[PDB]
>>> print(open('entry_5.json').read())   # JSON, C-alpha atoms
[["chain", "number", "residue", "atom", "x", "y", "z"],
["C", 23, "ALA", "CA", -23.40, 128.66, -48.47],
["C", 24, "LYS", "CA", -23.33, 132.09, -46.80],
["C", 25, "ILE", "CA", -20.98, 133.94, -49.17],
["C", 26, "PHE", "CA", -23.33, 132.94, -51.98],
["C", 27, "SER", "CA", -26.61, 134.17, -50.51],
["C", 28, "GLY", "CA", -28.16, 137.46, -51.61],
["C", 29, "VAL", "CA", -27.23, 139.96, -54.31],
["C", 30, "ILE", "CA", -23.62, 140.06, -55.53],
["C", 31, "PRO", "CA", -22.25, 142.58, -58.06],
["C", 32, "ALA", "CA", -19.37, 141.72, -60.38],
["C", 33, "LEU", "CA", -17.20, 144.83, -60.15],
["C", 34, "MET", "CA", -15.95, 146.66, -63.22],
["C", 35, "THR", "CA", -12.39, 147.99, -63.14],
["C", 36, "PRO", "CA", -11.92, 151.79, -63.24],
["C", 37, "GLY", "CA", -8.93, 152.90, -65.31],
["C", 38, "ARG", "CA", -7.07, 156.23, -65.09],
["C", 39, "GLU", "CA", -6.41, 158.25, -68.35],
["C", 40, "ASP", "CA", -3.12, 156.36, -68.71],
["C", 41, "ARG", "CA", -5.50, 153.37, -68.32],
["C", 42, "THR", "CA", -4.00, 151.52, -65.44],
["C", 43, "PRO", "CA", -6.59, 150.27, -62.87],
["C", 44, "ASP", "CA", -7.82, 152.65, -60.17],
["C", 45, "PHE", "CA", -7.92, 150.44, -57.09],
["C", 46, "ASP", "CA", -8.96, 153.24, -54.73],
["C", 47, "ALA", "CA", -12.07, 153.82, -56.84],
["C", 48, "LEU", "CA", -12.65, 150.07, -57.00],
["C", 49, "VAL", "CA", -12.57, 149.92, -53.21],
["C", 50, "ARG", "CA", -14.94, 152.89, -53.07],
["C", 51, "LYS", "CA", -17.61, 151.26, -55.24],
["C", 52, "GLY", "CA", -17.21, 147.96, -53.40],
["C", 53, "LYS", "CA", -17.86, 149.66, -50.06],
["C", 54, "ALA", "CA", -20.75, 151.68, -51.48],
["C", 55, "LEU", "CA", -22.42, 148.66, -53.07],
["C", 56, "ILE", "CA", -22.22, 146.78, -49.76],
["C", 57, "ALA", "CA", -23.60, 149.89, -48.05],
["C", 58, "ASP", "CA", -26.50, 149.74, -50.51],
["C", 59, "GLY", "CA", -27.46, 146.22, -49.45],
["C", 60, "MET", "CA", -25.19, 143.85, -51.36],
["C", 61, "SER", "CA", -23.75, 140.79, -49.61],
["C", 62, "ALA", "CA", -20.47, 140.45, -51.51],
["C", 63, "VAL", "CA", -18.62, 141.29, -54.72],
["C", 64, "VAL", "CA", -17.01, 139.33, -57.56],
["C", 65, "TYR", "CA", -13.55, 140.32, -58.78],
["C", 66, "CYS", "CA", -12.00, 140.10, -61.16],
["C", 67, "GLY", "CA", -14.52, 138.75, -63.66],
["C", 68, "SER", "CA", -15.59, 139.57, -67.21],
["C", 69, "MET", "CA", -17.18, 142.78, -65.94],
["C", 70, "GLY", "CA", -13.80, 143.69, -64.46],
["C", 71, "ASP", "CA", -11.98, 143.39, -67.80],
["C", 72, "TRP", "CA", -9.68, 140.60, -66.60],
["C", 73, "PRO", "CA", -8.33, 139.75, -70.06],
["C", 74, "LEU", "CA", -7.25, 143.39, -70.27],
["C", 75, "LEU", "CA", -5.51, 143.19, -66.90],
["C", 76, "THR", "CA", -2.46, 141.35, -65.57],
["C", 77, "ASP", "CA", -2.75, 138.66, -62.90],
["C", 78, "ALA", "CA", -0.76, 140.94, -60.60],
["C", 79, "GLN", "CA", -3.24, 143.78, -61.12],
["C", 80, "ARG", "CA", -6.15, 141.48, -60.33],
["C", 81, "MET", "CA", -4.45, 140.11, -57.22],
["C", 82, "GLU", "CA", -3.69, 143.61, -55.94],
["C", 83, "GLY", "CA", -7.29, 144.59, -56.67],
["C", 84, "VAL", "CA", -8.59, 141.61, -54.71],
["C", 85, "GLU", "CA", -6.25, 142.17, -51.76],
["C", 86, "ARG", "CA", -7.30, 145.82, -51.62],
["C", 87, "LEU", "CA", -10.96, 144.81, -51.47],
["C", 88, "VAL", "CA", -10.40, 142.13, -48.82],
["C", 89, "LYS", "CA", -8.31, 144.55, -46.73],
["C", 90, "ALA", "CA", -11.11, 147.11, -47.02],
["C", 91, "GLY", "CA", -13.46, 144.60, -45.42],
["C", 92, "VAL", "CA", -15.55, 143.75, -48.46],
["C", 93, "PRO", "CA", -16.65, 140.12, -48.88],
["C", 94, "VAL", "CA", -14.92, 139.01, -52.08],
["C", 95, "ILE", "CA", -15.48, 136.14, -54.49],
["C", 96, "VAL", "CA", -12.37, 135.72, -56.63],
["C", 97, "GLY", "CA", -12.71, 135.13, -60.37],
["C", 98, "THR", "CA", -10.26, 132.46, -61.48],
["C", 99, "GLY", "CA", -10.63, 133.26, -65.18],
["C", 100, "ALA", "CA", -7.26, 133.13, -66.91],
["C", 101, "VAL", "CA", -5.41, 132.18, -70.09],
["C", 102, "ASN", "CA", -4.27, 128.83, -68.66],
["C", 103, "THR", "CA", -4.76, 126.43, -65.75],
["C", 104, "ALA", "CA", -1.58, 127.30, -63.84],
["C", 105, "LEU", "CA", -2.55, 130.98, -63.64],
["C", 106, "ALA", "CA", -6.17, 130.11, -62.83],
["C", 107, "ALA", "CA", -4.86, 128.05, -59.93],
["C", 108, "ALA", "CA", -2.60, 130.94, -58.94],
["C", 109, "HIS", "CA", -5.59, 133.26, -58.56],
["C", 110, "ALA", "CA", -7.15, 130.62, -56.34],
["C", 111, "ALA", "CA", -4.04, 130.22, -54.18],
["C", 112, "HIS", "CA", -3.75, 133.98, -53.73],
["C", 113, "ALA", "CA", -7.46, 134.14, -52.89],
["C", 114, "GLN", "CA", -7.13, 131.88, -49.85],
["C", 115, "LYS", "CA", -3.83, 133.46, -48.81],
["C", 116, "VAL", "CA", -5.10, 137.04, -48.55],
["C", 117, "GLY", "CA", -8.23, 135.67, -46.90],
["C", 118, "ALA", "CA", -10.84, 136.06, -49.62],
["C", 119, "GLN", "CA", -14.23, 134.58, -48.79],
["C", 120, "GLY", "CA", -15.28, 133.02, -52.08],
["C", 121, "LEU", "CA", -13.98, 131.50, -55.30],
["C", 122, "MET", "CA", -15.63, 131.50, -58.73],
["C", 123, "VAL", "CA", -14.10, 128.73, -60.84],
["C", 124, "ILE", "CA", -14.20, 129.38, -64.58],
["C", 125, "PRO", "CA", -13.84, 126.61, -67.22],
["C", 126, "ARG", "CA", -10.66, 126.22, -69.28],
["C", 127, "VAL", "CA", -10.37, 128.45, -72.36],
["C", 128, "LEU", "CA", -8.38, 128.90, -75.59],
["C", 129, "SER", "CA", -7.01, 125.35, -75.43],
["C", 130, "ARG", "CA", -8.90, 122.07, -75.01],
["C", 131, "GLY", "CA", -12.12, 123.86, -74.06],
["C", 132, "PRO", "CA", -14.82, 121.37, -75.13],
["C", 133, "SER", "CA", -12.85, 118.45, -73.66],
["C", 134, "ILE", "CA", -14.58, 117.32, -70.46],
["C", 135, "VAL", "CA", -11.52, 115.35, -69.34],
["C", 136, "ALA", "CA", -9.42, 118.51, -69.65],
["C", 137, "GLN", "CA", -12.08, 120.65, -67.96],
["C", 138, "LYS", "CA", -12.37, 118.18, -65.09],
["C", 139, "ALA", "CA", -8.62, 118.24, -64.42],
["C", 140, "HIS", "CA", -8.68, 122.02, -64.83],
["C", 141, "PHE", "CA", -11.47, 122.30, -62.26],
["C", 142, "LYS", "CA", -9.72, 120.03, -59.76],
["C", 143, "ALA", "CA", -6.52, 122.07, -59.99],
["C", 144, "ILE", "CA", -8.34, 125.29, -59.14],
["C", 145, "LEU", "CA", -10.39, 123.78, -56.31],
["C", 146, "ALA", "CA", -7.34, 122.13, -54.73],
["C", 147, "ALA", "CA", -5.54, 125.48, -54.62],
["C", 148, "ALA", "CA", -8.11, 126.80, -52.16],
["C", 149, "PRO", "CA", -9.64, 123.90, -50.18],
["C", 150, "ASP", "CA", -10.84, 126.24, -47.42],
["C", 151, "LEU", "CA", -12.64, 128.63, -49.78],
["C", 152, "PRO", "CA", -16.30, 128.06, -50.75],
["C", 153, "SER", "CA", -16.43, 127.66, -54.53],
["C", 154, "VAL", "CA", -18.98, 127.91, -57.35],
["C", 155, "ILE", "CA", -18.64, 126.52, -60.88],
["C", 156, "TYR", "CA", -19.48, 128.88, -63.72],
["C", 157, "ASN", "CA", -21.37, 127.21, -66.55],
["C", 158, "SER", "CA", -21.79, 128.86, -69.94],
["C", 159, "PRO", "CA", -22.00, 127.74, -73.60],
["C", 160, "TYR", "CA", -19.39, 130.44, -74.23],
["C", 161, "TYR", "CA", -16.80, 127.86, -73.13],
["C", 162, "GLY", "CA", -18.07, 125.33, -75.67],
["C", 163, "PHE", "CA", -18.69, 122.95, -72.78],
["C", 164, "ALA", "CA", -21.47, 122.10, -70.33],
["C", 165, "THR", "CA", -20.91, 120.86, -66.78],
["C", 166, "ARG", "CA", -23.58, 118.25, -66.10],
["C", 167, "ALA", "CA", -24.66, 116.49, -62.90],
["C", 168, "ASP", "CA", -22.20, 113.62, -63.25],
["C", 169, "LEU", "CA", -19.15, 115.88, -63.43],
["C", 170, "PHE", "CA", -20.31, 118.23, -60.68],
["C", 171, "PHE", "CA", -20.64, 115.49, -58.07],
["C", 172, "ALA", "CA", -17.50, 113.68, -59.19],
["C", 173, "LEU", "CA", -15.69, 116.92, -58.37],
["C", 174, "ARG", "CA", -17.65, 117.62, -55.19],
["C", 175, "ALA", "CA", -16.98, 114.16, -53.77],
["C", 176, "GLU", "CA", -13.27, 115.01, -53.93],
["C", 177, "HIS", "CA", -13.56, 118.74, -53.18],
["C", 178, "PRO", "CA", -16.02, 119.68, -50.44],
["C", 179, "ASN", "CA", -15.45, 123.39, -51.06],
["C", 180, "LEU", "CA", -17.53, 123.01, -54.21],
["C", 181, "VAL", "CA", -20.96, 124.08, -53.02],
["C", 182, "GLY", "CA", -22.40, 126.25, -55.79],
["C", 183, "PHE", "CA", -23.50, 126.24, -59.42],
["C", 184, "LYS", "CA", -23.74, 129.40, -61.53],
["C", 185, "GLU", "CA", -25.68, 129.21, -64.80],
["C", 186, "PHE", "CA", -25.66, 131.49, -67.85],
["C", 187, "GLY", "CA", -26.80, 129.27, -70.71],
["C", 188, "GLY", "CA", -30.52, 129.98, -70.54],
["C", 189, "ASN", "CA", -33.87, 129.17, -68.96],
["C", 190, "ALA", "CA", -33.66, 125.49, -69.91],
["C", 191, "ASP", "CA", -30.16, 124.83, -68.59],
["C", 192, "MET", "CA", -31.13, 126.65, -65.40],
["C", 193, "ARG", "CA", -34.04, 124.26, -64.87],
["C", 194, "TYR", "CA", -31.72, 121.31, -65.46],
["C", 195, "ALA", "CA", -29.34, 122.50, -62.73],
["C", 196, "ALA", "CA", -32.30, 123.00, -60.41],
["C", 197, "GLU", "CA", -33.62, 119.53, -61.23],
["C", 198, "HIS", "CA", -30.53, 117.33, -61.23],
["C", 199, "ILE", "CA", -27.93, 119.22, -59.18],
["C", 200, "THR", "CA", -28.76, 121.98, -56.72],
["C", 201, "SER", "CA", -32.05, 120.85, -55.17],
["C", 202, "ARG", "CA", -30.78, 118.19, -52.76],
["C", 203, "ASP", "CA", -30.70, 119.10, -49.08],
["C", 204, "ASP", "CA", -26.91, 119.11, -49.27],
["C", 205, "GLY", "CA", -25.72, 122.71, -48.95],
["C", 206, "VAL", "CA", -25.15, 123.02, -52.69],
["C", 207, "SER", "CA", -26.76, 126.14, -54.13],
["C", 208, "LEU", "CA", -27.77, 127.69, -57.45],
["C", 209, "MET", "CA", -26.61, 131.20, -58.30],
["C", 210, "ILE", "CA", -28.08, 133.50, -60.92],
["C", 211, "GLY", "CA", -25.47, 134.05, -63.61],
["C", 212, "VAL", "CA", -27.32, 136.51, -65.85],
["C", 213, "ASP", "CA", -29.34, 139.63, -65.02],
["C", 214, "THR", "CA", -32.34, 138.69, -67.17],
["C", 215, "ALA", "CA", -33.10, 135.54, -65.18],
["C", 216, "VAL", "CA", -33.57, 136.89, -61.65],
["C", 217, "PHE", "CA", -37.22, 135.89, -61.30],
["C", 218, "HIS", "CA", -36.71, 132.55, -63.05],
["C", 219, "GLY", "CA", -33.74, 131.55, -60.90],
["C", 220, "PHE", "CA", -35.31, 132.55, -57.60],
["C", 221, "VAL", "CA", -38.87, 131.26, -58.02],
["C", 222, "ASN", "CA", -38.57, 128.44, -60.56],
["C", 223, "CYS", "CA", -35.10, 127.11, -59.83],
["C", 224, "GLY", "CA", -34.69, 127.82, -56.12],
["C", 225, "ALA", "CA", -31.63, 130.04, -56.49],
["C", 226, "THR", "CA", -29.77, 131.16, -53.36],
["C", 227, "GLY", "CA", -28.44, 134.46, -54.67],
["C", 228, "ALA", "CA", -27.60, 136.52, -57.73],
["C", 229, "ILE", "CA", -24.46, 137.78, -59.41],
["C", 230, "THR", "CA", -25.45, 141.02, -61.09],
["C", 231, "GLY", "CA", -23.91, 143.33, -63.67],
["C", 232, "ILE", "CA", -26.68, 145.92, -63.90],
["C", 233, "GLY", "CA", -26.55, 145.87, -60.10],
["C", 234, "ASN", "CA", -23.41, 148.00, -60.18],
["C", 235, "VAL", "CA", -25.57, 150.64, -61.84],
["C", 236, "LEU", "CA", -28.95, 150.12, -60.19],
["C", 237, "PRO", "CA", -28.21, 148.38, -56.87],
["C", 238, "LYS", "CA", -31.30, 149.48, -54.93],
["C", 239, "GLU", "CA", -33.43, 148.55, -57.95],
["C", 240, "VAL", "CA", -31.84, 145.12, -58.42],
["C", 241, "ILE", "CA", -32.00, 144.37, -54.68],
["C", 242, "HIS", "CA", -35.64, 145.43, -54.89],
["C", 243, "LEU", "CA", -36.24, 142.82, -57.59],
["C", 244, "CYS", "CA", -34.39, 140.11, -55.67],
["C", 245, "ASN", "CA", -36.39, 140.84, -52.51],
["C", 246, "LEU", "CA", -39.64, 140.48, -54.44],
["C", 247, "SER", "CA", -38.49, 137.34, -56.24],
["C", 248, "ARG", "CA", -37.48, 135.65, -52.98],
["C", 249, "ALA", "CA", -40.83, 136.67, -51.54],
["C", 250, "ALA", "CA", -42.44, 135.10, -54.61],
["C", 251, "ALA", "CA", -40.32, 132.01, -53.97],
["C", 252, "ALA", "CA", -41.97, 131.93, -50.54],
["C", 253, "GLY", "CA", -45.46, 132.02, -52.03],
["C", 254, "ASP", "CA", -46.18, 135.75, -51.85],
["C", 255, "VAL", "CA", -48.89, 136.49, -54.41],
["C", 256, "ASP", "CA", -48.50, 140.28, -54.60],
["C", 257, "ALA", "CA", -44.71, 140.00, -54.85],
["C", 258, "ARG", "CA", -44.87, 137.47, -57.69],
["C", 259, "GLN", "CA", -46.81, 139.92, -59.86],
["C", 260, "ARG", "CA", -44.66, 142.94, -59.02],
["C", 261, "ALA", "CA", -41.34, 141.13, -59.49],
["C", 262, "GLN", "CA", -42.36, 140.12, -63.00],
["C", 263, "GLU", "CA", -43.38, 143.73, -63.60],
["C", 264, "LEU", "CA", -40.02, 145.05, -62.42],
["C", 265, "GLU", "CA", -38.06, 142.34, -64.22],
["C", 266, "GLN", "CA", -39.92, 143.29, -67.40],
["C", 267, "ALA", "CA", -39.04, 146.98, -67.09],
["C", 268, "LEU", "CA", -35.39, 146.12, -66.39],
["C", 269, "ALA", "CA", -35.13, 143.50, -69.14],
["C", 270, "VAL", "CA", -33.55, 145.76, -71.77],
["C", 271, "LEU", "CA", -30.90, 147.20, -69.44],
["C", 272, "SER", "CA", -30.39, 143.69, -68.07],
["C", 273, "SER", "CA", -30.10, 142.20, -71.56],
["C", 274, "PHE", "CA", -26.74, 143.92, -72.00],
["C", 275, "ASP", "CA", -25.32, 141.27, -69.66],
["C", 276, "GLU", "CA", -26.08, 138.83, -72.48],
["C", 277, "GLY", "CA", -24.17, 140.59, -75.26],
["C", 278, "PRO", "CA", -20.49, 141.25, -76.07],
["C", 279, "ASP", "CA", -20.51, 144.97, -75.24],
["C", 280, "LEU", "CA", -21.59, 144.43, -71.63],
["C", 281, "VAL", "CA", -18.66, 146.30, -70.06],
["C", 282, "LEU", "CA", -19.05, 149.18, -72.51],
["C", 283, "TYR", "CA", -22.80, 149.32, -71.89],
["C", 284, "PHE", "CA", -22.59, 149.14, -68.10],
["C", 285, "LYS", "CA", -19.61, 151.48, -67.73],
["C", 286, "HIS", "CA", -21.57, 154.12, -69.64],
["C", 287, "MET", "CA", -24.51, 153.85, -67.25],
["C", 288, "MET", "CA", -22.17, 154.56, -64.33],
["C", 289, "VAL", "CA", -21.09, 157.68, -66.20],
["C", 290, "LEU", "CA", -24.72, 158.74, -66.54],
["C", 291, "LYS", "CA", -25.31, 158.05, -62.91],
["C", 292, "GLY", "CA", -22.31, 160.28, -62.08],
["C", 293, "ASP", "CA", -19.14, 158.19, -61.95],
["C", 294, "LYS", "CA", -16.47, 159.79, -64.15],
["C", 295, "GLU", "CA", -14.00, 156.94, -63.55],
["C", 296, "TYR", "CA", -15.91, 154.52, -65.77],
["C", 297, "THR", "CA", -15.52, 156.66, -68.89],
["C", 298, "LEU", "CA", -12.26, 155.31, -70.32],
["C", 299, "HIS", "CA", -11.64, 151.64, -71.12],
["C", 300, "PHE", "CA", -8.29, 149.85, -70.93],
["C", 301, "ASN", "CA", -8.39, 149.79, -74.72],
["C", 302, "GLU", "CA", -9.22, 153.31, -75.95],
["C", 303, "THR", "CA", -10.80, 152.08, -79.17],
["C", 304, "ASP", "CA", -13.41, 150.31, -77.03],
["C", 305, "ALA", "CA", -16.43, 152.61, -77.12],
["C", 306, "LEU", "CA", -20.11, 152.46, -78.02],
["C", 307, "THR", "CA", -21.17, 153.80, -81.40],
["C", 308, "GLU", "CA", -23.33, 156.93, -81.52],
["C", 309, "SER", "CA", -26.36, 154.69, -82.01],
["C", 310, "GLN", "CA", -25.49, 152.39, -79.10],
["C", 311, "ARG", "CA", -25.01, 155.46, -76.90],
["C", 312, "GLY", "CA", -28.34, 156.87, -77.99],
["C", 313, "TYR", "CA", -30.04, 153.57, -77.21],
["C", 314, "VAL", "CA", -28.85, 153.19, -73.61],
["C", 315, "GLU", "CA", -29.47, 156.82, -72.64],
["C", 316, "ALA", "CA", -33.01, 156.41, -73.96],
["C", 317, "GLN", "CA", -33.59, 153.15, -72.11],
["C", 318, "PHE", "CA", -31.80, 154.42, -69.00],
["C", 319, "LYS", "CA", -34.08, 157.45, -68.98],
["C", 320, "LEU", "CA", -37.12, 155.26, -69.60],
["C", 321, "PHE", "CA", -36.57, 152.86, -66.71],
["C", 322, "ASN", "CA", -35.70, 155.63, -64.25],
["C", 323, "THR", "CA", -38.88, 157.42, -65.29],
["C", 324, "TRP", "CA", -40.94, 154.23, -64.97],
["C", 325, "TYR", "CA", -39.39, 153.20, -61.66],
["C", 326, "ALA", "CA", -39.87, 156.70, -60.22],
["C", 327, "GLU", "CA", -43.64, 156.27, -60.51],
["C", 328, "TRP", "CA", -43.77, 152.52, -59.88],
["C", 329, "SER", "CA", -41.61, 152.33, -56.74],
["C", 330, "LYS", "CA", -44.15, 154.49, -54.90],
["C", 331, "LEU", "CA", -46.82, 151.78, -55.16],
["C", 332, "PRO", "CA", -48.29, 150.36, -51.92],
["C", 333, "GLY", "CA", -48.04, 146.70, -50.97],
["C", 334, "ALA", "CA", -45.19, 144.35, -51.86],
["C", 335, "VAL", "CA", -43.58, 147.20, -53.80],
["C", 336, "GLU", "CA", -43.26, 149.28, -50.65],
["C", 337, "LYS", "CA", -42.60, 146.42, -48.24],
["C", 338, "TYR", "CA", -39.76, 144.86, -50.21],
["C", 339, "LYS", "CA", -37.31, 147.71, -50.70],
["C", 340, "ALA", "CA", -33.59, 147.09, -49.99]]
>>> encode(input="entry_5.json", output="structure tokens")
Amino acid sequence: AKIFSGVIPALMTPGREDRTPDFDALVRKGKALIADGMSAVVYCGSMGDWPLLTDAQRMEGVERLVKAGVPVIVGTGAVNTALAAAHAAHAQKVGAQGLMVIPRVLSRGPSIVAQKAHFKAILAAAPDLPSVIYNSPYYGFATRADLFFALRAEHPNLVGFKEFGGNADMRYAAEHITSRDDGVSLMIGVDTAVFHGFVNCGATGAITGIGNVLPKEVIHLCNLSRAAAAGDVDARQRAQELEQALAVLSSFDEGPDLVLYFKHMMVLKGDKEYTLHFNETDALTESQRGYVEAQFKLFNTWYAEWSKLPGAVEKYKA
């Protein structure tokens, strides 16, 4: 699966001061991220504040990205199945390249029968678009090997598995699902598991949140991890070293305030458009702000010295 190889940021959505999405800025960051070495982008996902945005806003945002010539994977996350399917239908119509299928929420979540039918509806709405199933305990439901291949036998555009639930569930997917010579691939679904996914689970690519902030640094880690997955000794040590230093900033992808945390980093880096949220009350506390700026300063300081190192460090930049 080509659209699912390499490093793939999940774009956040820039609001204006009247807090309606800024699609021009979205297009700008999409272009820039690709220009930095990314393969594609995911929109509109949790990073993109989709529950805070209308389906029409998300569709316009996607169409703008696709028109701009950015490879796009469309997030099908929605309040119900019909609208989830709608995002999938629009995806294929505008000519989007990929489709992330998100489990059913709010109603009948932990019901596998309901999730199966929900999955089929989404996949059938875009039979020509390569698709990847998102799996997270946040949905109170776990897609196992039996369900995945029941779906795939009926929908050949299902060719990817994205895991969030932890190191153990990632191994399971690697063991029972994504390791056949079949085209099916494992994608990294959380920033803190880059090394694990690539070297221990045979992942094909990574969806990154911190990547929006530190693209060259995240790409650097993915290059080393893939090298380590190829048996490179020097890379295996360095990747663990870089993953360790990035762990704290990456760990924000795990918590609830991930959009708040990552939008503030973009502000530090110099992007004014990620200052205001779509809900004004949404803001880090003074403490939370103090914590990121300290850790953001720390990693940049550490990486400034470390990235100069000879060997795999030097060889495996972007």
>>> closest_residue(input="entry_5.json", among="C:318, C:219, C:338, C:203", to="residue C:267", atoms="all atoms listed in the file")
C:318
>>> closest_residue(input="entry_5.json", among="C:72, C:161, C:325, C:26", to="residue C:240", atoms="all atoms listed in the file")
C:325
>>> closest_residue(input="entry_5.json", among="C:164, C:180, C:60, C:118", to="residue C:142", atoms="all atoms listed in the file")
C:180
>>> closest_residue(input="entry_5.json", among="C:304, C:204, C:197, C:71", to="residue C:33", atoms="only C-alpha atoms")
C:71
>>> atom_distance(input="entry_5.json", atom1="atom CA of residue C:34", atom2="atom CA of residue C:298")
11.8 Å
>>> residues_around(input="entry_5.json", residues="residue C:291", least_positions_apart="3", cutoff="8 Å", atoms="all atoms listed in the file", output="JSON, numbers by chain")
{"C": [235, 287, 288]}
>>> write_last_selection(input="entry_5.json", atoms="C-alpha atoms", output="PDB file, in the frame of the given file")
ATOM      1  CA  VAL C 235     -25.570 150.640 -61.840  1.00  0.00           C
ATOM      2  CA  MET C 287     -24.510 153.850 -67.250  1.00  0.00           C
ATOM      3  CA  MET C 288     -22.170 154.560 -64.330  1.00  0.00           C
TER       4      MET C 288
END
>>> atom_distance(input="entry_5.json", atom1="atom CA of residue C:115", atom2="atom CA of residue C:86")
13.1 Å
>>> closest_residue(input="entry_5.json", among="C:246, C:63, C:271, C:106", to="residue C:336", atoms="all atoms listed in the file")
C:246
>>> axis_aligned_box(input="entry_5.json", around="stretch 148-154 of chain C", padding_each_side="3 Å", output="JSON")
{"center_x": -13.5, "center_y": 126.3, "center_z": -52.4, "size_x": 16.9, "size_y": 10.7, "size_z": 15.9}
